[PDB]
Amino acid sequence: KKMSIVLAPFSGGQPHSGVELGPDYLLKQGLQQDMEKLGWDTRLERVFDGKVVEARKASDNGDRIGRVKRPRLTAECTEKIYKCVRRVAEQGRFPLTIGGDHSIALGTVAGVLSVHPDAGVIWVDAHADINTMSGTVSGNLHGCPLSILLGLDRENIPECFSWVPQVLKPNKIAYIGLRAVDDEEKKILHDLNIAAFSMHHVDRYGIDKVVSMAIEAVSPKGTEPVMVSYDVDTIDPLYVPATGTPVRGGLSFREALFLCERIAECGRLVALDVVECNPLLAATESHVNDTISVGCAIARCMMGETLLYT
């Protein structure tokens, strides 16, 4: 029962700067003490200095490729997270990565699937994050990780991303909480028949059935390892206000945590990302604490914490 909290304070996948402060805020809330309190032998893994990275991030506007912003910086930092996560998993430890915007999942998923090729991926997000290099309108890379991981539109992916191992297939990723999918992304999920459970399915079937369907969708043999990449904006902005891309009509605080308890319950969780916490994008300090405490709650519930005896 060993764990490595991989710190990935990266904001190059999007415009707003506060998101790279996420790792520190979670740790200040006592994230590591909570994990140890849950019986986990933990250790921190700093992939790179967030200030040094943000210094180059906010200054280097020339880092572009058409509409795509900061492909170079993102490719570099993401490769490092990949190496770190890959290493943590090979050492037999559970990698719990804290972001940072969702572009870091390019390295986390790559790292985990490199050690666990049969691992399924449950993407908890209000967004599909699967825009292609030539299809993204905003050019914000935190909304394109899955396209790169799946090797879509390879005829347009930069050479600086050639390091990304092609280990994630479309039948091994399932979404939960979708409600702000771009038309290009819609076509993509449809053409590739990717298991996507929107807020419609949650409202229609209830969170429990959706989580079960999501686990089943990526676990054919019913024995595969499972990884969860958790974007906090999946949770309704009234619970998680401090985030870059909030979308109305998300999961309630209860569903957000119940989902974690159901996953932890299956016992095959092998990795977890908690991304998009941005303390700066908070109206009041109650917005900060409410968002950061949610990040730690997700971790605790994912990692074993229950309401009753266990």
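We number the residues from 1 along the sequence you see.
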- Task: Between 9-17 and 285-293, name whichever shows the higher mean Cα B factor according to the PDB entry.
- Result: 285-293
- Query: Looking at the deposited entry, does 194-202 or 218-226 carry the larger mean Cα B-factor?
  - Reply: 218-226
- Message: Can you tell me which of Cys260, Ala55, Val274, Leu269 has the maximum CA B-factor listed in the PDB entry?
- Response: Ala55
- Taking the values exactly as deposited, rank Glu255 by C-alpha B-factor within its chain and report the matching third: lowest, middle or highest. lowest
- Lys80 - Cα temperature factor, lowest/middle/highest third of chain: middle
- Query: Thinking about Cα B factors across the chain, which third does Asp153 belong to?
  - Reply: highest
- Chain-wide C-alpha B factor ranking for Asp183, given as lowest, middle or highest third: middle
- Query: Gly135: which third of its chain by C-alpha temperature factor?
  - Reply: highest
